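In what follows, a single structure is set out as structure tokens and then discussed.
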Amino acid sequence: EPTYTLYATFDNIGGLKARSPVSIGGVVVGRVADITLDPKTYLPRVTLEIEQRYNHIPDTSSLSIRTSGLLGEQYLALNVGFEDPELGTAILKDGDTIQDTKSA
Amino acid sequence: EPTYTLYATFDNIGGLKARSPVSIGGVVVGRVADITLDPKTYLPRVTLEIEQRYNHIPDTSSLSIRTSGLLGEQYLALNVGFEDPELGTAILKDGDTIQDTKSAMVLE
Amino acid sequence: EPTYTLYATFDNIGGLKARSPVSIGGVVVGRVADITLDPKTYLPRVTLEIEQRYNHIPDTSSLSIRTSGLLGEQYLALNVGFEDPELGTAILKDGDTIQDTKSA
Amino acid sequence: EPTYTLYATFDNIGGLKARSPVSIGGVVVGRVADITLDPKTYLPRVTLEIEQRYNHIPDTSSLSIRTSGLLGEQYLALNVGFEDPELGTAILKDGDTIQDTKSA
Amino acid sequence: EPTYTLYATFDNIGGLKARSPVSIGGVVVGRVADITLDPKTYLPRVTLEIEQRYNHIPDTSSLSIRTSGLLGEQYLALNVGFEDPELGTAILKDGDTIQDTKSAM
Amino acid sequence: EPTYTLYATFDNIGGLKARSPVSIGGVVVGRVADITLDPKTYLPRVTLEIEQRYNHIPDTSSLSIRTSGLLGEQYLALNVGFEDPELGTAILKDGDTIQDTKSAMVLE
Ligand SMILES: [Mg+2]
């Protein structure tokens, strides 16, 4: 699949690692590509590769670090946001940042 | 066994995958045949193959994503509904949608 | 061991499967032989094989689906009922149904 | 080691099985030898083999079914009883029954 | 390493076995050398070998049976006591008994 | 990677061992190199190797012993402190001590 890149900053990425899934309603739409520490904030910055076919995702969308069952692997849940039609189509594209994150 | 098809849309299908069981009172009556995420609604849509012998299931019946014990596999629980026969008899048939769905519950 | 057959209907048999134990105070007295869902009631019906040596079980006896510890297998707990001496001996025999069941 | 045999009835023996340890303050002093269901009471009946060197155990002593940690094996804890000296020395010997049990 | 011997009696040693660690603030300072059940008191008696370098531990120090995480091995935690020096300076030495013990949960 | 050394004293290091990670928001920035118990204070002293690229960590930063999930290994969490600009900028360098520590949390 061709993919596009999104960025997100979390206070804490817990057990999230590269190759961790990104899901929408529990369906895999992408992967964590990289995690590094922002030199300016010392907050972790995550790089996501989302599949190009999932490409009308509003900017108001949020990312949560979740675990699959009690003893499972960590993953990112993309919660697809409400978009006020009176404020256009603000859509996530290659290079954009998801502003709304939930850590730990 | 001959089967019939039902559809269901969830907000979140959690760890449900194709070939996941569909059960009534813990007895397997079907299989998840397909899961796709709708590119237009970003809601997951599940296709079920239910065995033809389980055939008088009211429309008011619900589907829940449950887990078998704490550390187990995810499955679909069909909770068989009520329709007052005196007020007309609405039954799930090949191609119908189950409207009442309960999504995977998370941490909290 | 020779066995006899008992039947029981539950709202929900959870993780119960064929070959699941039937126990009295945690001692194994039988096995689940079959589970079928009645198409007419949509209630699961369990067939049990109880060991012939445990053959003075009152009719008023009850079955519970329990789990063995936190992480364990599901089993059936036979709770041995009250036998009114003033009303004689009503005893479970090959083909009888245990009426009093507790699910999930 | 030579052993002596004690008997005990529980309402429920949970996960207890033959070869399960019997301990005093967490030290192994014997083994569960046998578990059966009493034909007369339908209560589980446990046979213990205590090492002969642990042989002045008062009859007021109790048995508890415990688990070793959350996810561990079930074992029997012998709690060594108070015996009023003014009412004699009543000691457990080969063949005796421990009357005070705690199940489940 | 040279070691010295301490004794301790518990009501219940739970899952403690010979070779079980003895730790101070989570650092291993010794080993359980022996466990016997006293046939006379039916109390378990634990023999410890503490490393000689850990050496001016007050008598008022306590031993606890703890578990390392939920699913872990049992160990002995030596909690180093206060002693007011003005009221005597009593130290655990080869052969001494730790009087203050806390038994398995 | 080149690393620099930091020291820290805890009341209790719990399950911390050599090669245990040091992390900042769950990203690994170093390793526990050594643990010794001071015979004089009976307080454990930890030696850390932090990667040289993480080198503007304020002195006011703190270390916590945490566990990764319910059943996981112990690690050190470096919580990056506040750096007052107005009175000048004190940074951890090879050989410095982290003063602010939080020990392994015990039975309830
Ligand atoms: Mg003591």
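Chains: A, B, ... in order of the structure tokens. Residues: from 1 per chain. Ligands: from 1, in order shown.
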Return as JSON lines the residues of chain D lying at most 7 Å from chain E, together with the closest atom-to-atom pair for each and the distance in Å to one decimal, counting only C-alpha atoms, with rows in chain order and ascending residue number.
```
{"residue": "D:25", "atom": "CA", "partner": "E:12", "partner_atom": "CA", "distance": 3.7}
{"residue": "D:26", "atom": "CA", "partner": "E:14", "partner_atom": "CA", "distance": 4.5}
{"residue": "D:27", "atom": "CA", "partner": "E:37", "partner_atom": "CA", "distance": 6.7}
{"residue": "D:54", "atom": "CA", "partner": "E:39", "partner_atom": "CA", "distance": 6.0}
{"residue": "D:69", "atom": "CA", "partner": "E:71", "partner_atom": "CA", "distance": 6.9}
```
Using only C-alpha atoms and all ligand atoms, what does the table of chain E residues within 6 Å of ligand 1 look like, with each row giving the shortest atom pair and its distance in Å to one decimal, sorted by chain and ascending number, as a Markdown table?
```
| residue | atom | partner | partner_atom_place_in_ligand_line | distance |
| --- | --- | --- | --- | --- |
| E:9 | CA | ligand 1 | 1 (Mg) | 4.5 |
| E:10 | CA | ligand 1 | 1 (Mg) | 5.2 |
| E:99 | CA | ligand 1 | 1 (Mg) | 4.9 |
| E:100 | CA | ligand 1 | 1 (Mg) | 5.5 |
| E:101 | CA | ligand 1 | 1 (Mg) | 4.7 |
```
Store the residues picked out above, limited to C-alpha atoms, as a JSON list (two decimals), in the first residue's frame.
```json
[["chain", "number", "residue", "atom", "x", "y", "z"],
["E", 9, "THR", "CA", 11.53, -17.21, 63.64],
["E", 10, "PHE", "CA", 8.32, -16.55, 61.64],
["E", 99, "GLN", "CA", 13.38, -10.52, 66.99],
["E", 100, "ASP", "CA", 11.12, -8.33, 64.76],
["E", 101, "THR", "CA", 9.62, -10.53, 61.95]]
```
Which residues are close to range 90-102 of chain B, i.e. within 8 Å by only C-alpha atoms, leaving aside same-chain residues fewer than 3 positions away? Reply as an mmCIF file with C-alpha atoms, in the first residue's frame.
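Saved file around08.cif follows:
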```
data_model
loop_
_atom_site.group_PDB
_atom_site.id
_atom_site.type_symbol
_atom_site.label_atom_id
_atom_site.label_comp_id
_atom_site.auth_asym_id
_atom_site.auth_seq_id
_atom_site.Cartn_x
_atom_site.Cartn_y
_atom_site.Cartn_z
ATOM 1 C CA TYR B 4 -27.533 -16.979 5.642
ATOM 2 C CA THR B 5 -25.792 -13.558 5.733
ATOM 3 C CA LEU B 6 -26.330 -10.770 8.294
ATOM 4 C CA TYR B 7 -24.553 -7.414 8.438
ATOM 5 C CA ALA B 8 -23.720 -5.262 11.476
ATOM 6 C CA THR B 9 -21.928 -1.908 11.909
ATOM 7 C CA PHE B 10 -19.966 -1.209 15.144
ATOM 8 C CA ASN B 55 -33.730 -18.804 11.760
ATOM 9 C CA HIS B 56 -36.451 -17.031 13.823
ATOM 10 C CA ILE B 57 -34.178 -14.323 15.297
ATOM 11 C CA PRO B 58 -36.106 -11.067 15.939
ATOM 12 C CA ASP B 59 -34.781 -7.762 14.444
ATOM 13 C CA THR B 60 -34.608 -6.315 18.016
ATOM 14 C CA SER B 61 -31.773 -8.863 18.710
ATOM 15 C CA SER B 62 -28.393 -7.311 19.607
ATOM 16 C CA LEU B 63 -24.735 -8.152 18.834
ATOM 17 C CA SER B 64 -22.015 -7.615 21.486
ATOM 18 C CA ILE B 65 -18.271 -7.949 21.125
ATOM 19 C CA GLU B 83 -41.035 -8.831 19.186
#
```
Contact residues (chain B, partner chain C, 12 Å, only C-alpha atoms) as a ChimeraX atom specification:
/B:23-29,51-58,66-73,75,77-81
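Shortest atom-to-atom contact with chain C among D:63, D:76, D:18, D:90: D:18, counting only C-alpha atoms.
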Mind checking which residues fall within 8 Å of residue 17 in chain B, counting only C-alpha atoms, ignoring those fewer than 3 positions away in the same chain, and posting them as a PDB file with N, CA and C atoms, in the first residue's frame?
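File result_5.pdb, as written:
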```pdb
ATOM      1  N   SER B  20     -13.926 -15.255  13.432  1.00  0.00           N
ATOM      2  CA  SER B  20     -14.382 -15.115  14.839  1.00  0.00           C
ATOM      3  C   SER B  20     -15.772 -15.728  14.980  1.00  0.00           C
ATOM      4  N   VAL B  32     -17.902 -14.720  11.676  1.00  0.00           N
ATOM      5  CA  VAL B  32     -17.541 -13.492  10.927  1.00  0.00           C
ATOM      6  C   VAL B  32     -16.930 -13.926   9.602  1.00  0.00           C
ATOM      7  N   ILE B  35     -14.756  -8.344   7.612  1.00  0.00           N
ATOM      8  CA  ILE B  35     -14.717  -7.039   8.312  1.00  0.00           C
ATOM      9  C   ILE B  35     -14.104  -6.045   7.327  1.00  0.00           C
TER      10      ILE B  35
END
```
Near chain E, meaning an atom within 10 Å, which residues of chain F appear when counting only C-alpha atoms? Write them as a PyMOL selection string.
chain F and resi 10-17+35-45+67+70-74+103-104+106-107
Residues from the last selection, C-alpha atoms, saved as a compact mmCIF listing (two decimals), in the first residue's frame:
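Contents of result.txt, as written:
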```txt
# COMPACT_ATOMS: atom_id res chain seq x y z
CA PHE F 10 16.98 5.69 46.51
CA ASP F 11 15.49 4.34 49.79
CA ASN F 12 14.52 1.18 47.80
CA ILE F 13 15.39 0.14 44.17
CA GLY F 14 12.91 -2.83 44.22
CA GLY F 15 13.40 -5.04 41.12
CA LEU F 16 15.83 -2.60 39.41
CA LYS F 17 18.97 -4.42 38.13
CA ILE F 35 23.78 -0.68 41.74
CA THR F 36 25.63 -0.81 45.07
CA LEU F 37 24.32 -0.52 48.61
CA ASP F 38 26.41 2.00 50.62
CA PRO F 39 27.52 0.05 53.74
CA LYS F 40 27.59 3.37 55.69
CA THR F 41 24.02 4.72 54.89
CA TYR F 42 22.39 1.37 53.80
CA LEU F 43 20.92 3.37 50.88
CA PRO F 44 21.25 1.93 47.36
CA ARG F 45 23.18 4.13 44.89
CA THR F 67 6.98 -1.12 36.28
CA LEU F 70 1.06 -5.08 35.49
CA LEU F 71 3.46 -8.06 34.92
CA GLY F 72 6.49 -6.16 33.48
CA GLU F 73 10.14 -5.31 34.30
CA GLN F 74 11.16 -2.34 36.57
CA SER F 103 11.59 4.63 45.35
CA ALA F 104 9.82 1.32 44.48
CA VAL F 106 5.63 -1.57 48.45
CA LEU F 107 2.55 -3.73 49.49
```
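The space separating CA of residue 61 in chain D from CA of residue 31 in chain D comes to 16.7 Å.
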Can you tell me, as a ChimeraX atom specification, what residues are no more than 8 Å from residue 33 in chain F when counting only C-alpha atoms, ignoring any on the same chain fewer than 3 positions away?
/F:18-19,46-49
